[PDB]
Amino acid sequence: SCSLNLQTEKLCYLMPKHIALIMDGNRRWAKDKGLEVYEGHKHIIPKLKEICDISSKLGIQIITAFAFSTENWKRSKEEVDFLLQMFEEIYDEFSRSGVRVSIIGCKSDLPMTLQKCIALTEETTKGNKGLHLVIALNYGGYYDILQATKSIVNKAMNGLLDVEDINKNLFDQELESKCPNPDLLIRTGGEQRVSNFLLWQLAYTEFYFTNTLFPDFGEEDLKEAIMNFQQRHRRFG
């Protein structure tokens, strides 16, 4: 059965509280400087830290950043190997910062070195009360919905819930990215797609696509995206 006409609520009841980031344009950035792809990749973590510090001053509370999609597993070993090595630098950039860092995604597929850096990073930052950075590493929208579905099937087979208890709120509590959902998605590098980043979480998100390449994306670029977000609310709010 189904019924939508008496279903009120809404998930989790002018500045965007939560920004989702697709950090694209780094390979393109390297190629048009005549640099190896690896020189572009090296900009990702330090640029993400720079955006966190700017965002924290503007009163943004959450950033979810798409660091490593499941599609990365389809590139040359050397490129994957570079990238999985490179993300250990999350410890160096964030462990002694004022940013609270969580990772979402399938940790088990990552080298135990990366797994332990990730675990150390979450542990040392867990007490920071400023911006919460969620880093999506080996993460997909399909993955999040499937791991949630599996969790609900387990609960049902152990008599913890009835099919009639399955609703927006119950499902949401089982996802790795939970509401409050992103108010604004920013994608750099010119593509106008979400590339299986978040699916469930983007239902009411404002989409902002810029041709700016991630390594050129600075405080000015961010304030422009936010002012655009504010004019959309005056027009459609």
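Think of the rigid core as the biggest set of C-alphas that the two forms share within 1.5 Å after superposition. Counting begins at 1, following the sequence as shown.
Root-mean-square C-alpha deviation from the shown form, taken over all structures in 5 other deposited structures of this protein superposed by the rigid core, is larger for 31-39 than for the alternative among 31-39 and 198-206. Farther on average from this form in 5 other deposited structures of this protein lies stretch 119-127, the comparison being between 119-127 and 162-170 by RMS Cα distance after core superposition. Among other compared entries that model residues flanking residue 13, a third or more give it no coordinates. The entry models residue 13 and residue 14 with a gap of 10 or more deposited residues left without coordinates. Stretches 34-42 and 197-205 differ in mean CA B factor, with 34-42 having the higher one. Higher mean CA temperature factor between 134-142 and 70-78: 70-78, per the PDB entry. Note on 166, 101, 84, 148: the highest value goes to 84, judged by CA B factor as recorded.
Residue-level temperature factors show residue 179 in the highest third of its chain, judged at the C-alpha atom.
For residue 152, the recorded CA B-factor ranks within the lowest third of the chain. Only modelled residues enter the ranking.
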